[PDB]
Structures are given as C-alpha cells and as structure tokens.
Amino acid sequence: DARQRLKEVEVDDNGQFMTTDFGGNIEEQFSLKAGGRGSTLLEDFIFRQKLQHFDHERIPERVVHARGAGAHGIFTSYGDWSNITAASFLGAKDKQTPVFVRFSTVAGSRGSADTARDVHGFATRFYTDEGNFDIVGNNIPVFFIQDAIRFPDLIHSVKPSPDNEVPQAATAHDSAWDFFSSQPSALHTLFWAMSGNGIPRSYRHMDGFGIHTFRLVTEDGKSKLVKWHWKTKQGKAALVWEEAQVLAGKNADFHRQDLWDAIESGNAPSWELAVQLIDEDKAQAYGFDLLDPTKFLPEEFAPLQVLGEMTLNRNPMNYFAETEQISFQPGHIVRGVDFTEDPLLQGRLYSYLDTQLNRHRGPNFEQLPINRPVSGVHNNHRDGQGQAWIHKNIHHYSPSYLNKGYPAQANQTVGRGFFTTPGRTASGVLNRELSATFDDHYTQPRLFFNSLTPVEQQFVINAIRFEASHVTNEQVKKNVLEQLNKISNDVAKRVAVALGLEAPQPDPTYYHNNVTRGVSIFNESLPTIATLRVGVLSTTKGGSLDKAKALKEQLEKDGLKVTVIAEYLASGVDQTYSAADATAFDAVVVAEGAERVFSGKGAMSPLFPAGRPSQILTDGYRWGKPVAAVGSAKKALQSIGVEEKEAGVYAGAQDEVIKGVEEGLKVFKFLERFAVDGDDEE
Amino acid sequence: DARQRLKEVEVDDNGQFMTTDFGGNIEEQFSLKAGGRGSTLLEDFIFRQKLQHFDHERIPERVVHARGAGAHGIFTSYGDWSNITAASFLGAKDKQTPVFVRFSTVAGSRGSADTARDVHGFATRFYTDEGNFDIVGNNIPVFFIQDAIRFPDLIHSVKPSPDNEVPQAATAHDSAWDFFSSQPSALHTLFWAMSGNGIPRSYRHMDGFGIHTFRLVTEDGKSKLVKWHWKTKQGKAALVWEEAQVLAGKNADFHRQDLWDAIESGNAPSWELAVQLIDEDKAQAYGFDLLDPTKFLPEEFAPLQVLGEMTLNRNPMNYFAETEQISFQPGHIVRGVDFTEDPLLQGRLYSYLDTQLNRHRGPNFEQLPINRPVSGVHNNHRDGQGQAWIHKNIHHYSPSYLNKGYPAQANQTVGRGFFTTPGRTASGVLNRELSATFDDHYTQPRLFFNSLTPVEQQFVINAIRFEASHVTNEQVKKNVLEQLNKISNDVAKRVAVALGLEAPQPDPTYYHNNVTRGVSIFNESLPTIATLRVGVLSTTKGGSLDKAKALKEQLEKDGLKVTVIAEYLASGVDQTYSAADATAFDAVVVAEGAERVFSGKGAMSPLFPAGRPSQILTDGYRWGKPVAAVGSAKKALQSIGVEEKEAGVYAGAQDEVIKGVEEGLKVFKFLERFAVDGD
Amino acid sequence: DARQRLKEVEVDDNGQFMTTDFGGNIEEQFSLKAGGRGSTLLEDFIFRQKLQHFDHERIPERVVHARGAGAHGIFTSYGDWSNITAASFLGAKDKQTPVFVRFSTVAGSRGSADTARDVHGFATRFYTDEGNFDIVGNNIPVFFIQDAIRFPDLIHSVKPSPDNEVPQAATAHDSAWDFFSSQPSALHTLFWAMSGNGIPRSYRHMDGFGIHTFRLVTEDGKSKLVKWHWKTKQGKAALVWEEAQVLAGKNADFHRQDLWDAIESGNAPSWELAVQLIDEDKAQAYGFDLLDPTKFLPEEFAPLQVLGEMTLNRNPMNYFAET
Ligand code: HEM
Ligand code: HEM
Ligand code: HEM
Ligand SMILES: [O]
Ligand SMILES: [O]
Ligand SMILES: [O]
C-alpha cells in the first residue's frame, strides 16, 4: 500500500458523537436563540466554530495547472543503475519507491472541463529514501518559451482576457494567438497542443516528458545529459475536437473519473520510465542546443532506455488533503541528479518554491502529510506559521561547539550529501541575452508535422482552423499566417482557406522533409482494451434487455466496462437514455430489438429528449468510434445511413459483433470517416 | 509527565546529517557561485529553502498579552464535585488532568520587560477527557470595562501613542489617563494595577481570577453562579516601583526566568483552584450585579471553596511551538460549565476565536500539537489552510442516511453533549444599553483601598503620583483628580500634592469605611522561602570567599538559591560585580572581609563600575529587602548609614545572620523603610 | 514637505460621526443585547465589524531589526556626479530627493529597549525620479559573516534560547559567544558591537555604512567600486554600559523619543553622504578582498568624497502605516 505512511493521520468518525475542533461532544443542527423565535446568540460557540471552519475552507488554486487529479502508486527500478546515477531510488533491481502523480490541464481554473484543448501536466513525486524527487512534466516534450522570465507573458496571453475573464480554459482567442505569432518560439508546443496531445482520451493514454535536459551524476562525479520520458503501457489515444467539446459539457470530470474507475476496478495504469542519454561534449551536436526547451531529441539519434516502471494503484482518501494540497517542485532534487543551464528550468526552481507561500499561506507546507518525505528532516529551521513539530535541539545554528556539530554537514564524500556536477564551469560576460544556438523556431515544428499521419495532420490543421477563426483582429490572423508559412507553405494555405485570407507565397528557409518516430498517436493501435467503455443501447420492451445482459457479460470477460442503456432503470439497465451520451463510451452497440427506439413511437417518449438513441449512435459513428448492431438492430444502423460493411462497423450475431467490436477498440478511432483537404473537389 | 502526548511530534537532530525540508542530505554553509569570486546562482535550491524558512519565521504577536511565558503541569481534583458540576475533570477524587498555563503582561509587545507595571494574565488550559477547558484569567479580579465593544478603546488608550509609538508597556501617558477618567468604570482595575498586583515578584506569587461570573451546571441542568479563583501556594509578593524600573533594564526576562528555574530545580509552583458559589436568585443580592465584571464578591459573603490543586512541573521544549503558538479561548467550554450574560464575557467569545485567524493565518490552528485536545475530534469540518488530517467519512454532512448518522448528535441526555443552562431566559426589548445596576464605579475601588495596610496604600498613592505626573495635559490631570475624589477625598488630596493641583473638597456620595479580606499582599508573610534568592557580596582578596562558600552551603539547605559575587569568577564565584544587581535577589548579605570593596581601593577597580558593591547594598536596603553582614563586614552596613537596630537588617556571626535573613525572607519586604504622607 | 505625496491618503475624523468601515453613521459603545440583562446578539454587526479590525491589528514583526523608529526628510546633491554614476538623484547640483530613514536595533523584538547593546540599522530610502533606491546599512562598517547562507545561524545564535526565549535583546548568553568563537569571521563586528557603536547616545549621533562594496556605473558602462558612508553632522556619541542598562528600564523609548523631539523642536538632524571610490583592478590591492564584508577600507588608502547631504525634518503621522 503506497498510502501506508498516511494512515497515522487518518480520522475515523463512524460510531462517534459530534464534537467541536477542541473536543467535547455537541449537537450542531440548531442555533442557540434568545426565545422561541428569537435572534441567534453570540455566545453560540458551537455555531461559530462550525461556520468559521466552513468559511475558511478554500485555498488559492494553482496559478497554472489548477484543474487536475492524482493518485498514489509504486515505482519499481529494473536494475542497478549506479553506472549512470547515484540516485538511490534507481540503485538496485526491483527497488520500490512510493509515488504520487497528478495529471492536469494548464490554462483552466479549478472547475473547468477535463476535455478542453490544452497541454497536460504529468507530475510525479518519488518518495525516495534520500528525499523527495519530483519530475514535474507535461504530456508534450517541448515548451512554448526559452526563458523563464517570459512565463507570465505566455500565461497571461492564454488565460482569459483580464477585462471580462473570457474565455475559460482555451487558447482560441486574440491574446493567445497574438502571443504565438509575436513569440515564434511558441509554435512548436502549439502544434503539439493542436494535435491529439491537446485532447487525450485519458491521463492513462498520455506519454510524459521532463522536457528539460537534466544531468545524471555518479558517485565519482561524472555526469551525462538526460531526458526523462514516461511511456504509457495503455497506449496513446486521443479524441476528436467536436467530441471533446460535447464531453466538456456532458462530463467535465471525464478524465478524473477515468483514472479513479481504472484504479478502483483493479486495472491500475502503468508507465515505463525511460531516458535518453547524451555525452556532455555533444550538447550541441544534434542540430540544436540541448539547453533549449523548445526542442526534443529525435529518438533516431538517441534511443530510449527503460529504467523502471510506475504503477498507480491507490486512489486518494481525501482529495483536498492529498491531491489539492500537494506541492510539486523541480527544485525537489536528490543526490545523483543535477540541473542544466536551461534558462526555462533555471527560473522554475525559484518560482515553484515561492508560489507555495501563496497557496499554503506559510513556510511549513512540507510538513503537510502529502508533502512529507519518508527519509527524515534534520536541520536548524524553526518557527514559521503552523509549525507542526517540537524541536529538541536548542542550539539551532552551525557551526557550534555546544551541539557537537550536529546536525552535520553532508557533501559528495561525507553523508551522501547533494553536490553540483563538479566539472560545471561559467565562462563569459554577465548578460541578459539568449544564446544564438536557440534561434531556430521552425525546423522542429516542421519535423513534428511531417511525422504525423495524413488524417492526423488534418486534425492539426482543423484545430488551428477552429482556433484562429475566433481571432477578431485581422492583423493577428495575418501574423499567424506568416508564422505558419515559415513552418510549411501547405499548412499556411490550408489554414488560410478557413480564414478567408490569401494563400501566402513559399518561404522555404526552414522547409524540410525529415520525419521522426514516437510522435504520432493514430498510427498505432492500443496494446490493450481493458477498461475501455461500451455503451449498449437497448429497450425495456420485448426481449432486448435479456440479450443486452448476455452481450454485457461476455464483453466484461474481456475487461471492458459495459453500460446497458434503456428508457428507464429496469432490472439490468445501468443508465437511462436521458442520462446517456456517446462521449462516455469508446464503442456503441445497439442490442437486438432496440431498433424500435430509433424510429416511430419508440423514439418519441417523455423519458428522454427527442432523438436521443439516434443521436448517441450518430455521434459515436461521426466521432470515429467502433459501432455495431446485433441481429435485427441493424435497422438502427440503417436509420442513420450507416452501411454494414464500413470500416469499424459490425453487424451480425452476438458473437461476431463481440469480436468485431473488441478488434475495433484496438484501432480505437476509424480515420476513414474524416475528410482531408482536396477530398470534396469536383 | 504532562507533556507525554507531545512526544510523538518531537524531532531529535542528535547525530544526524543536515537535510532540506523535503529530505536529502546537504551542506548549507556556502552559497553556490559562478566562479571563485562569482555571483550566487538562482539554482542554489539549498540556499533558498534555508533562507525562505528563516525569512518567514515570525507570526503576529498577540494583540494583547503579547509578552508572556508558560509551562505544563497537572491538575488534581480533591473530590467528586458532581453535586455542583457535570464537568468531567472535577468528577472524581484524585482525578488528574494535564494543564498548560501562560502568564503575561497586557500592554507591552513581545520583547518588553516582565517588571513593567501592568495587569497580568493568568490563563489555564485543562486538557480534559471531554474537551479543552480554558479559564482565561488575570491576576486581578476585576476588569476596566463593562462592555466588550469598548475593548479597542481601552487597549488603544493604554498602548503606545499612534504617532510615535511611545511609550512601551506603560499606562503612564496622556491617553491612558484620559480614558481612565473619561470611563470611570476603569478606576477599580486601575487601583489594583497601581497596587502590588501591578508589579508582582513572580508569576508564582500571584493569585488568579476568572473575573466573570460563570455557571456550573449539574447533569439535570440545575445551575450555580461561580467565580473562579487560583490561590498561590507560594504566597503573594510584590516589588516596589523604583526597584521594578531598574529590573526592567537589568533583566527584562526576570519573571520568565524565575518560572523556568523553579521548575528546572524541582521546585514546581502550585495553585489551589477555589470557587465562590452563589444561588441564581442571589445574583443581585450583595450590593452589585454579579453580571458586572468591574466588581468582585467579598469573601465575607461567599467563602473560597477549594476544589483541587494545580502544579506546573514541566518546562516547554520549544518556546515558539508551545508557548507562542497556544491559542486560549473563553469559548473553550465543556459540559457542566456555561456562560452568563456578563456583557464583557459575551464579546470575548467572539474575539478570541476571530483573532486566531490573524495570529495563525488559517482555520486549522486547533490541530497544532499544543492546541489539540486529548479527547478526540469527530465532526464534518474539512479542508482549510494547513489541513493536517485525512478524513475517512466521505459523507461529511448531517443528516444523512449514507453515513448511518455518524458523527451523531449529542445533547444533555445522550452523548454527554454540551447544553446551555435549561432555565436561562431572555426577556425585554433588544437594547444597546447597560443595566442601571452597573452604575456604581466608586464604592468597590474605595473598598479595595480600605483593605490595604498603610504603606500598601502609600504604594498605590505613589504609583498614581508617578503615573499622573507624566500627563502633559492639565485638564486631564484635573479630570483624574475629580474622579479620584469620588473614591476618597484623602487619596485625591495626597495625589493632588504631587501634581501641584488644589485639594478638591469632599464628594462623599460613595465614601465608606468597609474592608474585606483577601486583597492585601503586604499584610501576610510568605508561607515558604524556597527558591528565594540571596546575593552574597564577597571578594577574591583574603579569606572572604571561603566564608562565603560556607554561608552559601547553609542557605541552600533551606531551599534558597545563592549567588556568590566577587570581582572576578574565582573558584566558588557565581557572578561578577559587573554583572550583579540587587534586583536579582530577595536578600543581600555581605560576607566577612568583603567590606574592603565598599570603600577605598577595593571599591575602585577596572573590573566593575565604580561604587557597584555599595550600590547593590544601598539598592537592597532601600527596596525593603533583608540585608545583612557577617562579622567585620558590618563596616559595609555602616558605610551606607544603615544600623543593625533596624528591622530587616542583621549583623553578627554567620549562624546569627542566616537565621535572621531566613526570618526576614518570610516578611519579604520591610515597609518600615518607606515614608507615609504625614507620618 | 517630504511627506507631501502622502497627504491624499490622510484621513481626518475631527467633527465627524462614528461610522463602520463600509460607511453609515453608528454608535459603538454598547453591545446589542436580548433584554436588559441579556446576552449579546450575533446580529450586532456594529460590534463584530469593530472587534474584527481590532482582533486583526497586528502584523509579524521584522525577522531582524524589529525594534526601531523612522522619519522623513530631504536629500540634496552637492554636485553633478555624472562622471562616476548615471544615478539620476545625483545628476545635478542642489537636486533634492525625498527620503525616509529607519534606525533600529537587530536582535530584540518589537518592544525591546533602545539602549540594548547591539548593532544598529541605518536604512535609507531615496524616492528618486527613476525608482526607489535604498541604502540598507548599519552603524558599523563590517558584518559578522561572509556568506548570506549563514545568516540564519548568526541570528539564531544571538536571539534568545529557543527553549525558554531568554535572553531578550542581548548577546550575553552561551549560544551567541559559541557562534562568535566557532565562526571567527564574526569577531570584527563583535569588537565594534563591544565599543561605543553598540550603545550610541542616539540615532542622530551615529554614522552609517552600506558595508558592501557596490558599483557606480556611468551612461557608457564605466564602473568604480564604491563604499557608502553616512557622516553625522551632530557628532558620534555613546553611553556607558552601566548607564545604558538603567536607561533600558527607565525609558525603553530613549532613542525614538530623542529623534522625535529633535525634529519636532526644529532641530532636524543631518548626515553627509560620502563614498570611497576604488578602481576595479584594485579590488584586492589593499591587504584584503573588497568583496569581503568583514573588512573595511581604511580611509588612509581612499579618503571620503562628499556627494551630498540628507536632513530628517518630518516625523510620521501614523507610526504603523509609515514606520
Ligand atoms: C518544461 C516546462 C514546464 C513544465 C513541464 C511544467 C509543468 C508543470 C506541472 C505539471 C504543474 C502542475 C503540478 C501539479 O500537478 O501540482 C506546474 C505548475 C506550476 N508551474 Fe510549471 N511547467 C513548466 C514551466 C513553468 C515555468 C517556466 C514556470 C515559471 C517560471 C512555471 C511555474 C509553475 C507554477 C508556479 C506552478 C504552480 C505550482 C503550485 O502551485 O504548486 N512552470 N507546472
Ligand atoms: C475579564 C476580562 C478579560 C480577561 C481576564 C482577559 C485575559 C486575557 C489573557 C490572560 C490573555 C492571554 C492569553 C494567552 O496567554 O495566550 C488574553 C488575550 C486576548 N484577549 Fe483578553 N481578557 C479580558 C478581556 C478581553 C476582552 C473584553 C476582549 C475583546 C472583546 C479580549 C480579547 C483578547 C484577545 C483578542 C486576546 C489574544 C488571544 C490570542 O491571540 O491568542 N480580552 N486575554
Ligand atoms: C551588510 C549586511 C547587512 C546589513 C547592513 C543589514 C541591514 C538591515 C537593516 C538596516 C534592516 C532593517 C531595515 C528596516 O528598518 O526596516 C534589516 C532587516 C532585514 N535583514 Fe538585514 N542586514 C544585513 C545582513 C542581512 C543578511 C545577510 C540577510 C539575509 C540573507 C538579511 C536579511 C534581512 C531581513 C529578512 C530583514 C527584514 C526586512 C523586512 O522585514 O522588511 N540581512 N537588515
Ligand atoms: O507550469
Ligand atoms: O485581553
Ligand atoms: O539584517
């Protein structure tokens, strides 16, 4: 149990009487009043201590990544990696370290939709025996900007306009695209956010990236440059934008429920921890500066080397005390790892320490149960708001004769202390510049786009088309066009069509045809269909429900989560048509006999909105999901104009439908149903 | 061990390596720099996590009673008091409850002197098995004001002037005496603060009071009116003002050191808890309203009934985490006790809960180790800054089928719940007024002044003369005299002399000659002299130090703390003359042969300020202490014009001096040395 | 008037009726009660709004230098110093700039005595036309330690023992002299603190120092190493320790009252701003490293150059809001 250390602070209220926060049993359902219908007394200490705690429940949301969810788990190392790092948690085969991971979006506030289009956070804490080590990552390997001092500008431009606070959780407005086109470094991450990475199917279907080049350091002090990767064992998978939008309204907790259900049902998700390793003397040897956070390292140049695997198997007990209160920091570093001169990472180190003082209203936030290490804290820090400990050492200073030198200094050779990479040097003038090696803002965006499938490329273009069409200012849109044209003339011309702007002329300085692996989502089927959702649309009339039950039981044998849907909650029905939507499922199957609710009287009922079963089937097909119908229910396929032998469409008896649906869930999205530019011309 | 429950939060750094606040061994004595003589790097996470915690160490001090100190201990009940209270901590003979007590001044800020003249706080927390019960009291049984809405007015007027923040920890300025005379209710507590209660010898030599009338409630709801009293087993003792002034500069920590040393040396101080009990129908029977916090109940009408004893025997381990962080509340009430309609108490219940939000910057301050009860907390409160627990009940609301009714409601008949006194009634118009029964502001100040000894009365008069002479405004000084003349014409006349104002003619409306017991300090000797301090003035020349060591060993047999003083720290010397002052001791005795440092070359040395041994003896004599000299050292007493004929002065051989000094310490202060108006 | 810009936030209550913090005239000398001898009602918004502000009056004292006092004034440049610095406030003869100065102790808390033996702060703000420039200095030209990461160790050692919080505003205890003897860099400032600098007669009778070497830079990038000096026009003066001990008890506000009285009586104190100017290539040429804050540069090697004069002529109107 990864939460084992947290059980000492867990409070069980069952079987007990109500109390105040300072003890004493009470009743707290009536205010103390001066007379039968009199005014409430100031001396009602019970009322005041109850309402004051309610009044003070909220803490500030995170300044970025305010919307997200998390879970506990275990990380297991696959070997003794002392040959590359002194990091304790990687020092032996099958060594296990408790983790907590929080996934998130970036721009939206606390109550915004999971399926907004956005970069996604992927923050992992290792509770190692030599301190907490945090990898505060994203599901995209490059970031918008090259210097941390520009972070407020980026975030202000993509967060709501400061006059009306419109729009929520979205880059589709003037200020954001004004910034993307005025700061061309941002276009690489923008392309990633405009792809499937911006609308993933779940937290469990994302890769993770530390983005920055870090350093692994051995006991003798030798170092190597390193990139952190998390590779999902569930496979990468993404939605389509028109589906993500409906899902934002139908279930804004789609992603956090996904992770919770997967863990509750015993299908804990896993990611493998992998690294790219680079010699120090090759930091600038691959066509870009490895200090540049707007660049990723093509796997053709440095392949991923798996070090271990992380499994998230325990949900939190109290979301606020654990998920909301946890405080990640890239400054949470340990012996065996070091920073680099990445100007974006450099400022992060200051920013995450500082912002905790705003979120937690004091300096003792590492004493919170979810932030505490398991390795012990011994120093001369004292006092501060909410000090939860009572220190014994009264000589709280160093050096000291009176405390005998304890707590004692630890460094590279004594006490396994942290040490900066010994060979690191500084050379040159103090400057407020960026290295000229950071100047190329277009080559890698072109590289990313080249490496996507044709329909995947169309998704990127259609996302940009959707986003840029919200920009009111004409010049901003033309500025966007000029910047896009430096990535690819074809992308600019296809985006320009939606904008009503003239197709720009080629500017080939950065054009190229190179491609790289690992970057696509839709060119690979899932390695497993466990936890994937199947909506079975049935009816309470006739014998349809009995068949849906058998259809459900066999589908569950393969590890799928099946929801039987009908007019009302008859025996065996999991959900009503009124409460059902196609966004909640990865495949839709119409049970035999349920074709009655797709036409005629059966489709017009007071118990669900008009056309709901037809709409669920239409949404699922148009959003590329595997859809099916058993036996006579093929008439439902007919009523929305879907043909039986289309790709990802399955009609027949129960068993062939079951096999066809499960095969289609591996494909996940059938991209034959999405038009590409040039298809419609006569 | 009263601190037993605090064991699990203690952190031991012995033999450990230095770490960050998130773990990981580090060194933290060098900043990370870019080159040999280079600038510090932002990426030095070690530096910023160490300095950030230092930068954020301070929390706001208490809005009042900022200066103070405390200790842990045990309360033991003397009996089963269920016939008067349902309170669990008083429900069985020999039942023990851990306590923590904080003593304080009122006006001064965190770093002000202990021996400022002020009302003194005396706050006790009982960690009962049915919740935390606080009696947030003072060492004076009455308060300045009758309605809690006036507390900011009182406190602003006493605290430093808002333009220059002058003066520190003192009532001796214009605005305070402008309030005292404009708000005549304040005259009673003023007289108490102008008495020995304003300059107590130590926290251990104070009585304590809850001030307010509260209610004790039995199981069936029948209530009694109650006054809380703490009776010190050490006896009450006070300084004189001219002595307390010097001590404020020589040792501003005089009182917190005295409490620490008493516990550290195994001389734990003790207080008996006593109550005055009054039937509900006698609330207005004794010449005043018991809802009025500017009056006390004379013990002739209701004797003190002792219910148990409290002993403070454990010092804190970290001052800030324990003493500074503890959050007292009169609203911390338990089953068997209830409030009364005292308009001062009523507002306190609001203001102590509210002020913790400022001092602790969050709603979860009761989760701090020093504030946690021992009895268990089960409710549906959640979240808040610094939430330190993880609740299991996901149905955090009532009523509810899903949580099966838990946590469940508790009331008078089920669950041992708190319950307001069943018979209390409201009646009349909603009003912003005070009862006319509150209108006498002069009788009880007169009663208090009557019940003190003549020199004790003179101390009060000389306190007033000192204080009011600091008031620059002439009309305020006349306003003060006009109000003092309402209490006693003789008091006003004697104060008027110092102010150069005319003796006002008698205003006899509230004059009376009644006296009451239990309010005097100087009319009673001390029950014990254990822990009292003796400074032995000696010299490294000759054989004086040998005799001082013998003198010390015999005095220590009586539980006295003895400091041998000489020019330098020779073998057997506890303190140099340079560091010594008479304010630190309760008796001064000159060892034989030490008269050499009282005149001539022995008095002129680079090792101490000129005349310092003579100043200590002069100070000790003039401040009413027992002073003595052994053998030839009587020349030192003659050198300052003091003769052995006098009370509190002892000479002769060693055993003669020891028995005399130990006798004199019981009297403590010799009031023969203080002149009285027209004596 | 140095305080001229603060007039528009000044609030006059003479002749007015009592109000709440959200307006509306009120009375606030009686709690609202349910009957003649009744309990106070929660609906008394007047009471709660008045006590909530009182309950929330205090803010944390400064982690160091908590005990001090201040005043407003004017700094006037003696010349056009553009040949050594581009600083606007030194860019013309007779140019005037508003200032505020806070003097302080170091160790003691908010209510500690002014005549404790201690290092003393001398913090000066110039409200220049190109931003606020602060010289946050002390009355002693050298500091205890050579690296800022050791500051919590120094301060923990000098401030009271964490078990009983004894002693107040004093280095005369075990932990302080443990650190002084274990960290020998501290002995320079120690010796200064043991001299008259530790018990000055008043704030007006102190010199001031920036301690650190800084840089003055011209418009074209030319730099010189600089040490800041404040030279009191009233003369340096100190007490004796047996006197300062009694004064700590007789008047804890001795220094803040002395500064207040001098300004209010028309006797405004003044200091001249003076600098030592060192070439960059001589940073290590005078028997020590000029980056080392435990060393001062003897004036025989570099005499002072007077840049201007500052005079403190305006007391604050509200201590809390200003000082
Ligand atoms: C490669 C670049 C970056 C990555 C991968 C990244 C990732 C993240 C993630 C995953 C979180 C949420 C952690 C959680 O779930 O609690 C977060 C929060 C945050 N980030 Fe970043 N971020 C990056 C850039 C930056 C920069 C450049 C800054 C500022 C200079 C910054 C400042 C913050 C702050 C202040 C928070 C809030 C943390 C808190 O309130 O606890 N981020 N970031
Ligand atoms: C009989 C009248 C009073 C007595 C005996 C009394 C006593 C005390 C004592 C002993 C303390 C110090 C607690 C400690 O040691 O931590 C204290 C603090 C305090 N008192 Fe009073 N007081 C009285 C009246 C009032 C009134 C009328 C108010 C406001 C309406 C008030 C507001 C406060 C506040 C806000 C604190 C600070 C509490 C904290 O920050 O923990 N007091 N009082
Ligand atoms: C040459 C060395 C130093 C000098 C001349 C100096 C001077 C001062 C002065 C005069 C003040 C009070 C200003 C006021 O009246 O508000 C002050 C406060 C302070 N000092 Fe220093 N100090 C020195 C060393 C340090 C170091 C090394 C640190 C930390 C690394 C530090 C941290 C602080 C802090 C946190 C405050 C509180 C300021 C506030 O609360 O606004 N000091 N110092
Ligand atoms: O971030
Ligand atoms: O108080
Ligand atoms: O400082």
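Letters A, B, ... mirror the listed sequences (proteins, then strands); counts begin at 1.
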Contact winner vs chain A - B/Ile370, B/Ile59, B/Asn411, B/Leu6, heavy-atom pairs under 4.5 Å: B/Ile59

Toward chain A, the part of B/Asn380 with a non-hydrogen atom under 4.5 Å: both

Toward chain B, the part of A/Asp55 with a non-hydrogen atom under 4.5 Å: neither

Expected output: side-chain A/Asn379 to main-chain B/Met18 donor-acceptor under 3.5 Å: no

Carboxylate-amine/guanidinium contact A/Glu322 A/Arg314, below 4.0 Å: no

Residue among B/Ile26, B/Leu345, B/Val374, B/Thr128 with most heavy-atom pairs under 4.5 Å to chain A: B/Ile26

Any donor-acceptor N/O pair, A/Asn132 side chain to A/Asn371 backbone, under 3.5 Å: yes

Donor + acceptor pair across side chains of B/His53, A/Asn364 (<3.5 Å): yes

Residue, of B/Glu366, B/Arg48, B/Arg348, that accumulates the most heavy atom pairs under 4.5 Å with chain A: B/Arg48

Which atoms of A/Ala426 approach chain B - backbone, side chain, both or neither, heavy atom under 4.5 Å: side chain

Structural part of B/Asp134 lying under 4.5 Å from a heavy atom of chain A: neither

Interchain contact, B/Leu41 with chain A, by part (heavy-atom threshold 4.5 Å): neither

B/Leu368, part contacting chain A, at a heavy-atom distance under 4.5 Å: side chain

Contact origin within B/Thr420 toward chain A - heavy atom pairs under 4.5 Å: side chain

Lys NZ or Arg CZ of A/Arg5 over A/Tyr127 ring: under 6.0 Å, within 45°: yes

Under 3.5 Å: donor-acceptor pair, side chain of A/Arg382, backbone of B/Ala321: no

Region of A/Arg125 that comes under 4.5 Å of a non-hydrogen atom in chain B: neither

Side-chain ion pair, A/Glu130 and A/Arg335, N-O less than 4.0 Å: no

